[PDB]
Amino acid sequence: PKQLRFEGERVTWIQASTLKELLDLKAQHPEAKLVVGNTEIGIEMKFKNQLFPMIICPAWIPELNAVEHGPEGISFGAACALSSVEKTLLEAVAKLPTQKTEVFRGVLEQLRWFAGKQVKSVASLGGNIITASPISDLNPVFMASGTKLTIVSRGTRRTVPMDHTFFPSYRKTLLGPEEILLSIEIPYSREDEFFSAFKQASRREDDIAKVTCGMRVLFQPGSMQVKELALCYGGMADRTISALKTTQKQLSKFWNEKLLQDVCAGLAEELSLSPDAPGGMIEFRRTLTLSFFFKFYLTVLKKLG
Amino acid sequence: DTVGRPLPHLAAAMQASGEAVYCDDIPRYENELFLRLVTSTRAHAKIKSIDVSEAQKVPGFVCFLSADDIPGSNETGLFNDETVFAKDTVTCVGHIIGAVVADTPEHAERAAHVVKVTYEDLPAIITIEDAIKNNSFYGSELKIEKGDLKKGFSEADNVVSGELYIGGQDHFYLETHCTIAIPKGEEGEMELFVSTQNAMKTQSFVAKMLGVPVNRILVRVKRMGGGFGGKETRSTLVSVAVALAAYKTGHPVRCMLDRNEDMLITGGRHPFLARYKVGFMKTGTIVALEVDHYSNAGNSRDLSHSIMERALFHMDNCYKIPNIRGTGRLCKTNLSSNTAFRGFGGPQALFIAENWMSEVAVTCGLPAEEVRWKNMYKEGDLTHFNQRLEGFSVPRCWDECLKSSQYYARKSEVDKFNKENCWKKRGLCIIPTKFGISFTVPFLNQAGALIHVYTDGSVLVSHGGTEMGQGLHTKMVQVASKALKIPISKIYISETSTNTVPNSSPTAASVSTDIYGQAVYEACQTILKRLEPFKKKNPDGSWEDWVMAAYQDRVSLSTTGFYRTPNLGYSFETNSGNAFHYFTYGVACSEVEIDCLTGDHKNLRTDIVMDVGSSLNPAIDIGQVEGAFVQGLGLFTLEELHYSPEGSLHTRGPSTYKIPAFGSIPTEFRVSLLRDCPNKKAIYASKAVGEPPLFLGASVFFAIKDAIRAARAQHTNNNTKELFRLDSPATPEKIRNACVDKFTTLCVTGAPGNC
Amino acid sequence: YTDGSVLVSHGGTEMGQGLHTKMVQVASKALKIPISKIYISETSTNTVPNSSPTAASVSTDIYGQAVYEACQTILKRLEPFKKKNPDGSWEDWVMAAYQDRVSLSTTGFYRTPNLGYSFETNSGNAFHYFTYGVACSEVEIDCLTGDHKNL
Amino acid sequence: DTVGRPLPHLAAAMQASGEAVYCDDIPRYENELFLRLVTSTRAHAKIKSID
Amino acid sequence: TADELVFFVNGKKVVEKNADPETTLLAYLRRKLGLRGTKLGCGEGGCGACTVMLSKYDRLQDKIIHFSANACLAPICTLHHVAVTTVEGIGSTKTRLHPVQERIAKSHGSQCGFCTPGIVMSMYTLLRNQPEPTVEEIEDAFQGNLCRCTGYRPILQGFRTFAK
Amino acid sequence: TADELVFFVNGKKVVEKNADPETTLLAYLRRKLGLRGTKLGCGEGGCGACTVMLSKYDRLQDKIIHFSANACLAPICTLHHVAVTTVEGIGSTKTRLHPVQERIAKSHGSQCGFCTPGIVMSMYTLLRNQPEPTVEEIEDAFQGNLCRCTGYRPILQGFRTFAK
Ligand SMILES: Cc1cc2nc3c(=O)[nH]c(=O)nc-3n(C[C@H](O)[C@H](O)[C@H](O)COP(=O)(O)OP(=O)(O)OC[C@H]3O[C@@H](n4cnc5c(N)ncnc54)[C@H](O)[C@@H]3O)c2cc1C
Ligand SMILES: Nc1nc2c(c(=O)[nH]1)N[C@H]1C(S)=C(S)[C@@H](COP(=O)(O)O)O[C@H]1N2
Ligand SMILES: O=Cc1c[nH]c2ccccc12
Ligand code: MOS
Ligand code: MOS
Ligand code: FES
Ligand code: FES
Ligand code: FES
Ligand code: FES
């Protein structure tokens, strides 16, 4: 392959053949817009009348398409189609012990009734992440699991676990103007570690007010004593958020009715919505944040027993 | 003779191969241009300026059209209360203000987006409540009354009163609105290809806007990718705009709407609010009913009045009510004008009926099926509008559905399930329906045909009806073949056109098969009458021989046919005269399982028994039953339109407006056509099928309501006779909020609560 | 149509001989309405099937009769509405007929009577009638060139 | 009643203006092609080959 | 100075010398190539009316791959060295219908017909990847395709004949 | 490396950037500009169905001159800086007819109508040169226009009204 240039009435498109080319072009033009599947950009251009006069397509780059099995998880290049992620994870779940695939199973649950085969065959993993919709079904799972993101520019390279700080504001991520997401490592589950993901069965607004979540608990070895707890939600704000104030309070507590009560009390407060919050369905969304946690609570008890 | 055989839709193979031509599939002329509507972003405001300076910079821009460009009249709409292009004021978001014309649809789109409009807001009215508070109505109250309401209510053991709301519905035909207009350049002549159920009004409205005689305008309709009532009138919004562009430029012009435009501009089903009061005995027998209906009509009259008339005609469903008063008011609001949608006011009124009937059963503590059966009409009874029920087959449909669905056994299994599960519940309901067949406006119940037999014996049939997927042309070919006693292979229908059959009614009201079948039949009779001498002289010859002999003897092989439905004409000022020719009937039983923690649900099983008389084509009729039922399931359970407080539609495409999907349909889905029930009143003993089955989708809604009642018994309180309000659509939000428990109340947090 | 405008179609074609003009004049006379209310757009096989070629000089004769017959059918159908509204207009009568579900579309047909000459009996009418004329012409020839003037 | 009157040909004004449409005056579709007949140059002959 | 864009449609080479990055495959098929089988139903990926099959030789897998895609969202500028198959590429009434096309028509799976090309292409793509699918794989194949007319039952019934 | 061809049709500027020397004005008017009033009747100069008026500034005579020409034989490449007038350039039923157009129509000078545009343009050209022509000048104006329908008498009679 070689780099290609296409020129339109309004837009210049560069098809990058190598990672070095992509990073050079992004340094030369930090405002250049990346496009892989165009399943978000096409909507932005048509329906939100966005215009990006320079587009770079990195779909051909080997590094952005690589699937790699490591000691700590499965790494997907950022241009990998969701269909490919789904296939790889289904295979992993089929062959590996249940205790190692709790996070994988969560991703698969979020992908289950998620667009047709048509969308999933071209929608990239990195595209969903960087799009940063408040109602992404994937970012809550990546946040709750501490999924590691490898981020690169001309002369920089850094790997960060996704946490609450990665989404500072509406549709924004903690990336530099020049940076591109290279790869995403979805971790194996450890001993005494459990995971669930849930999502609202309705959507009424373009990118707000659909509850979706990832929930992780790590216990002290062989115990019901909480060592780590993460509950991350989409559709409750203008970005993916973590109920940190609530979860911090449960550390060293035991997995019982008192914890159920306290977490539910915390969620009702921390995630409270004003009567006029964008998207409405105020009562329903609060009820779901609690009902989803209840399901997680019961599921973790069944896994513990 | 293929009448009664399951012949596939005649265009099915071409549809599967992508060879069937829809309006936008027609080749473009070398010089053909594209139109994009420019539309209001405010519910109610004065237009202060329109700036096209930025639009003129777009490559390929031709012109901007507005009110000032119209040569004839800017007054349009069924009741002449609309503008083609808004002039001084806009009265809904989506109100058409002008149009851009350009050399490509991409260029038209680009240009339209940068047209800048400046507004001065005016007080807007959006909700039914807004409208009632402001006395904002079209026309006066509609009413049907029978018996003595005072007295009826005196004799009642129990009285229940309440309020209920049913949301509207977007048509979501897979093919949006589309028109091509070809100006000829002679004498005002124009030929249009349109996705419309109403070529006649298209022709008239175009002629009126241009200020030319109707005979100058030719409208052609090959087929639509769905109509569902949404192309009965609203298609003229696009057609008239494109016609103007064609006139102004002298070029052919076309426009196909994007989904988001279509959902915003073209109108949907009418939302309804009902306030009701029912009086009944401890046995569940109904003695008095009062219902005040209000529809959200939007910003013009359109078909709103007739829709409310049909609602009032169906407030009884299948139940005899001796003392009854129904009224209706059309709310005038700053929303896109609502219009015809499969069922045409019927589903709303029927939903309201089944809601209070459900509450009667609960209040009496009796099984719902028992209460429905007890209150059912009998053969020969008069409706509340005093029409006799002749051939009343609901009891047969009911008995057969109960048996084949194994209702009573499955009811026990539902009870067992609910006994054993805390956070999931099942529900099961069986619901009847009757639907009156005919336009409620007498003069629309007329139909024309034109038939030619060519000298090779091949036959070309033309009739007033349009094909929108319902298989009308298929059925007309089956009818012609039977009537003429020749194979279907000798007959062809090409399209619907205003120069073959003039003055046609819209293809609507489920009667097209009935009325065009009669028109086609009569034309066929005339042909047979003319060929009879030649058949006599050559009884062993072929059709071809007879046709050639007739031709050589200078006998005409071309004729019209015409039909007008007899004995129709209901008077609101006497409460007498036939509103309908006959009624179509059916029964549905559905079972659901709800997730009490999430509000999601599974459609487990549906059984339907439908009285369609002697089907002309059971494959097509079963297809209409299934399709209609699923559209009803959408109306009652999935499909929710949502507006900002400013009156702007939020739900403008499939990502935010959920029509039934492959995975939405009942896991076990059974449909039977009732046997041995010929209908003397229609062509070859058949019955209209298009709209009647839609309301049966409500069986899913009432199963869901049953499941919710179980959840409330589990976690909410101990009152088994409790009435709770459940509006339509019963979305996950409404279902979840109704399962009051330690989560909805926050009792799980340690707080005191109402569970 | 429901505006009172009339669309006439017949089997004959226009080639400059003014057939459509004559058919409009006939239709206007027969219906007793101005020519401005009547239009002929084209000749087409899906409106009038099995048409003879436009030939033999008889198009006015035969399509004129067909149009006349269709017009009479229309008049018969409109007559009751004329009687209910005798001070009214063409347009009023047409709309009244439409709203009473009376068809405003009809065919017309004509077959020339008593034709059928036989070459084996030398009898039977070959023609319906004969057209006649006389012309007198004067010329001057140039005997030296063969040119001439039609005087 | 105009029968017996010298009414001009109905299309004459449009004929004089070049607005009357004849067959080839009809606009062409974007994809429309053109045909030209290939014709015998001999009064009577066997066709041996076409190249 | 622009590179040429080279792709295939129904086995035939397309050389686009002046590709505009804004141009969608759906626009290209319908308005440049005149293949109108593939339809516009929403423009936002939800309805599947514009469904086509895409094929390419995946250099990273060393394998030819076949998948479905919404032509309404696919920029032509992503398609260099990709082969597109549309409904008219698999069969026609003028040649012979593909079994997918024959079965949906005869099973009464097509009413208005507007969704039928997209559904045909979804089923065709499945069979191209798995010629012996299970009943279960057959329903999952259509999450991206909407039909307003049929209530879906007949479509699934006709297609279930391809199972196991 | 070709120069631009620039001419005017009915007062509107035509900039042909890739003129083919083999292109006739009749082909250009009909098939590029879509002005179909001017007709093809022979392609060899004998029938005048394709008659248009040409105007140019004469240097030697120091004036604008107007003359008629057969569009079927005029190479567009001879027309640089020339103004073309066709039948649609002088009047129409949508606005107002020119007197020449009205008179030929009302005088029964048009039957099938195919020669009418060319004859109109021949008469129009005469009047542009000589607003008060003689009867003799009127008949000479038409040696290049054929009519198969009228027998010519009504055309001459109608246009006689411009004379004396
Ligand atoms: C019909 C449909 C249904 C959907 N349903 C759901 C759903 O249920 N739940 C859900 O969560 N999502 C859903 N989506 C969203 C979908 O997952 C995303 O649109 C998709 O993953 C975006 O990937 P893409 O390759 O198409 O992105 P593109 O449109 O090509 O790009 C998206 C954004 O990411 C940026 N980007 C892409 N790659 C990189 C890179 N590696 N580094 C830095 N920036 C990059 C681009 O610049 C752009 O801002 C749906 C989409 C469709 C069309
Ligand atoms: N496939 C299909 N079926 C359909 C429709 C449609 O648009 N597509 N419209 C419905 C409506 S609203 C009516 S009134 C009837 C009209 O056609 P009919 O009178 O031939 O039944 O078809 C119904 N069934
Ligand atoms: O009664 C059904 C119906 C459908 N369309 C119309 C239009 C006018 C009156 C009645 C109706
Ligand atoms: O009467 Mo159907 O067009 S709603
Ligand atoms: O009879 Mo004229 O067409 S020779
Ligand atoms: S047109 Fe609806 S998914 Fe492409
Ligand atoms: S057959 Fe009409 S949308 Fe499917
Ligand atoms: S076409 Fe006959 S002279 Fe030009
Ligand atoms: S009018 Fe026919 S050639 Fe002159």
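To find a chain, count down the sequence lines: A is the first, B the second, and so on, and within it residues start at 1. Side-chain atoms are counted along with the backbone in the values below, which use heavy atoms only and exclude waters and symmetry mates.
Using the six-membered ring where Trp is involved, A:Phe292 and A:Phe198 have ring planes that are parallel, under 30° apart on the 30 and 60° scheme. By the 30° and 60° cut-offs, the orientation of the rings of B:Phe172 relative to B:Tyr657 is parallel.
Here the closest non-hydrogen pair linking A:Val122 and E:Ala69 is CG1-CB, 4.2 Å. The two atoms that bring A:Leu229 and A:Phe296 nearest to each other are CD1-CE2, 4.2 Å, heavy atoms only. Closest of all the heavy-atom pairs between A:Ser272 and A:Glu269 is OG-O, 3.1 Å. The shortest heavy-atom contact between E:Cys72 and E:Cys50 is N-SG, 3.5 Å. Listed here is the closest heavy atom pair of E:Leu5 and E:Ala19: CD2-CB, 3.8 Å. Contact record, E:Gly46 with E:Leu146: O-CD1, 3.6 Å, taken as the closest heavy-atom pair.
Listed by first then second residue, pairs satisfying side chain to side chain donor-acceptor pair (under 3.5 Å) with a partner in residues 167-177 of chain A read A:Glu40-A:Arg171, A:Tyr170-A:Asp207, A:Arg171-A:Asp207, not counting sequence neighbours. Evaluation of the salt bridge (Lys or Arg N to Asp or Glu O under 4.0 Å) test over residues 640-653 of chain B, restricted to residues two or more places apart or in two chains, returns A:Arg204-B:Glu640. Applying the salt bridge (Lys or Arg N to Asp or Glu O under 4.0 Å) test to every pair with at least one member in residues 9-19 of chain A, sequence neighbours left out, gives these pairs: A:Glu9-B:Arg110, A:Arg10-E:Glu22. Sorted by first and then second residue, the salt bridge (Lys or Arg N to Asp or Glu O under 4.0 Å) pairs with a member in residues 127-149 of chain A read A:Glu72-A:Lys148, A:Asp137-A:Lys210; sequence neighbours excluded.
Put simply, the side chain of A:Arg216 never gets that close to the backbone of A:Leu231: no donor and acceptor are under 3.5 Å apart. A donor-acceptor pair under 3.5 Å is absent between the side-chain atoms of A:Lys120 and the main chain of A:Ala115, judged by distance alone. Put simply, the side chain of A:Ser121 never gets that close to the backbone of A:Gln118: no donor and acceptor are under 3.5 Å apart. Judged by distance alone, with hydrogens and angles left aside, the side-chain atoms of E:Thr24 form a donor-acceptor pair with the main-chain N or O of E:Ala27 at under 3.5 Å. Without hydrogens or angle criteria, A:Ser136 side chain to A:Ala132 main chain gives no donor-acceptor distance under 3.5 Å. The backbone N or O of A:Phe195 lies less than 3.5 Å from a partner atom in the side chain of A:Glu102, making a donor-acceptor pair. Of the possible donor and acceptor atoms, one in the side chain of B:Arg259 sits under 3.5 Å from a partner among the backbone N and O of E:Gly41. Not a single donor-acceptor pair under 3.5 Å links the side chain of A:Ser153 to the backbone N or O of A:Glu179. The backbone N or O of A:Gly146 sits nowhere less than 3.5 Å from a side-chain atom of A:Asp163 that would complete a donor-acceptor pair. Put simply, the side chain of A:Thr247 never gets that close to the backbone of A:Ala230: no donor and acceptor are under 3.5 Å apart.
When the side-chain hydrogen bond (donor to acceptor under 3.5 Å, both in side chains) test is applied to B:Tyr119, the partners found at least two apart in sequence or on another chain are B:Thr41. A:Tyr233 meets the ring pair (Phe, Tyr, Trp, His ring centres under 6.0 Å) test with no other residue; sequence neighbours excluded. Evaluation of the side-chain contact (heavy atoms from CB on, under 4.5 Å) rule for A:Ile56 yields A:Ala16, A:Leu22, A:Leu25, A:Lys26, A:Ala32, A:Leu34 as partners, not counting sequence neighbours. A search for side-chain hydrogen bond (donor to acceptor under 3.5 Å, both in side chains) contacts involving A:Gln28 returns nothing, not counting sequence neighbours. With sequence neighbours left out, B:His642 forms a ring pair (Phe, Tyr, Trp, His ring centres under 6.0 Å) with B:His650. Shown here are the side-chain contact (heavy atoms from CB on, under 4.5 Å) partners of A:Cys232, two or more places apart in sequence or in another chain: A:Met143, A:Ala144, A:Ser242. When the side-chain contact (heavy atoms from CB on, under 4.5 Å) test is applied to E:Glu44, the partners found at least two apart in sequence or on another chain are A:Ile43, A:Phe47, B:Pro654, B:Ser655, E:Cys42. Residues satisfying the side-chain contact (heavy atoms from CB on, under 4.5 Å) test with A:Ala27, not counting sequence neighbours, are A:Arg154, A:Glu178.
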For A:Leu82 and A:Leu138: C-alpha separation, side-chain torsions, deciding distance, then whether side chain to side chain contact (heavy atoms under 4.5 Å, CB included) applies. CA-CA 11 Å; A:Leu82 294 177; A:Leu138 304 185; 3.8 Å; yes
Evaluate the side chain to side chain contact (heavy atoms under 4.5 Å, CB included) criterion for residues E:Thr51 and E:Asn70: first the C-alpha distance (whole Å), next the side-chain angles of each, then the deciding distance (0.1 Å), finally the verdict. CA-CA 5 Å; E:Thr51 302; E:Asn70 292 311; 4.2 Å; yes
Please test A:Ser291 against B:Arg736 for side chain to side chain donor-acceptor pair (under 3.5 Å), starting from the C-alpha separation and ending with a verdict. CA-CA 10 Å; A:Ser291 301; B:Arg736 182 64 185 97; 3.0 Å; yes
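A:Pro62 has its side chain within reach of E:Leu60: a pair of non-hydrogen atoms, C-beta onward, lies under 4.5 Å apart. Put simply, the side chain of A:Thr246 does not reach to within 4.5 Å of the side chain of A:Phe293, judged on heavy atoms. Side-chain atoms of B:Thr176 and B:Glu261, non-hydrogen and from C-beta on, never get closer than 4.5 Å to each other. Between A:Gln15 and E:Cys77 there is no side-chain heavy-atom pair separated by less than 4.5 Å. Annotation: side chain of B:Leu597 is in contact with side chain of B:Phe743 (closest heavy-atom distance under 4.5 Å). Residues B:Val115 and B:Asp51 are not in side-chain contact: their nearest non-hydrogen atoms beyond the backbone lie 4.5 Å or more apart. Residues B:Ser664 and B:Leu638 are in side-chain contact: their nearest non-hydrogen atoms beyond the backbone lie under 4.5 Å apart. Side-chain contact between E:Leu25 and E:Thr78: absent, with no pair of heavy atoms (C-beta onward) separated by less than 4.5 Å.
In this structure, the separation between CG on A:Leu181 and OG1 on A:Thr150 is 8.0 Å, given to the nearest 0.5 Å. To the nearest 0.5 Å, the span separating CD1 on A:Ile282 from CD on B:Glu733 amounts to 9.5 Å. Rounded to the nearest 0.5 Å, atoms CG (B:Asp258) and CG (B:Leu264) are 12.5 Å apart. Between the OH atom of B:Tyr643 and the OG1 atom of B:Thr651 there is a distance of 6.5 Å, given to the nearest 0.5 Å. Rounding to the nearest 0.5 Å places CD1 of A:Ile184 at 4.0 Å from CD1 of A:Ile129. Between atom CG of residue B:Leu335 and atom NE2 of residue B:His95 there is a gap of 12.5 Å, rounded to the nearest 0.5 Å.
Judged by distance alone, the side chains of A:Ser145 and A:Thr147 do bring a donor and an acceptor atom under 3.5 Å apart.
At least one test fails for A:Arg239 against the ring of A:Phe166: distance under 6.0 Å to the centre or angle within 45° of the axis.
By the 6.0 Å contact criterion, NZ on A:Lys20 is open, its count of non-hydrogen atoms from other residues, nucleotides or ligands being 12 or less.
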